[PDB]
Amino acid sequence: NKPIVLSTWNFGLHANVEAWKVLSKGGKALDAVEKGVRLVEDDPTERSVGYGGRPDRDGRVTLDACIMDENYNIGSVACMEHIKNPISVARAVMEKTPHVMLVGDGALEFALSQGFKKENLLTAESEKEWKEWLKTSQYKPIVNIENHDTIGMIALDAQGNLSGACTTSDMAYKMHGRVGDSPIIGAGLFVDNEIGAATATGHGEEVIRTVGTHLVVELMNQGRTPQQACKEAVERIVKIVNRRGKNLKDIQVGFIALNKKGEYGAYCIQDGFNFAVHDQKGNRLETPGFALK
């Protein structure tokens, strides 16, 4: 039932508190996801443990984010530098332009024109670690409990409307200009008010290649419970990884989903993914099942 908000990782547990304040007050799902994410972007303690702080291999912090409302309105930004609140900029792309995605310079120029301010997002430690990783430049992207940077959040409000948001600076030491799943509708996020929503975390390339969240939602449309849909999407990714001659231990993909009745579910390739669910009973960290036994 409802309202209910679900989100990826510890960062999501934190974002959930603000999201829930909006939701419990009868607020719009879209404000609640924007407001929950902004709570973590703006929390200096979260930033200080690395939130939104990963640099690409050129030492540049570049952010991917998108947001989706209950009526297929979307906004997204990819490879955006110097702006701390990318979800809000994505919301502006949605609301203030006839486009759905800006990237690079253009996404920053647009942010600046909407009143957002340039700041340095690169902490000294991250800079230091970057300088150190550059000695060998061995790109080994990892996504787990100790290494992640995503808030994917999906919520059903009091009116029975869905919305969602996804955002990251991951992956650290990506090639400059690299875009993950986080800003791509149907990869890192998809919301259809008639069926359900889903968001994701893990190796973005794999999410993008399988159009993961769209698949999850289409599986809810085809009769699956949210959990079953996440499981089947993950099982699709597992087959594809194998057909590709790759080793599944190198790949983490986690999905969470919400249907229109507020039922929820979650599944992942590997153990080492958790999500946060806040309904009327409170805010909980749950760990779903996984395919790689």
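All residue numbers are counted from 1 along the displayed sequence.
Across the two stretches, 51-59 and 27-35, the PDB entry reports the greater mean Cα temperature factor for 51-59. Higher mean CA temperature factor, per the PDB entry, when comparing 95-103 with 173-181: 95-103. The PDB entry gives the largest Cα B-factor of the residues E218, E125, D157, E205 to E125. Note on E235, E41, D64, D69: the highest value goes to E235, judged by CA B factor as recorded. Per-chain ranking of the deposited C-alpha B factor places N16 in the lowest third. Remark: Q138 belongs to the highest third of its chain, ranked by C-alpha B-factor as recorded. Looking at the C-alpha B-factors along this chain, the one for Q222 belongs to the middle third. Ranked within its chain, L112 lands in the highest third, by CA B factor from the PDB record. Ranked within its chain, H148 lands in the middle third, by CA B factor from the PDB record.
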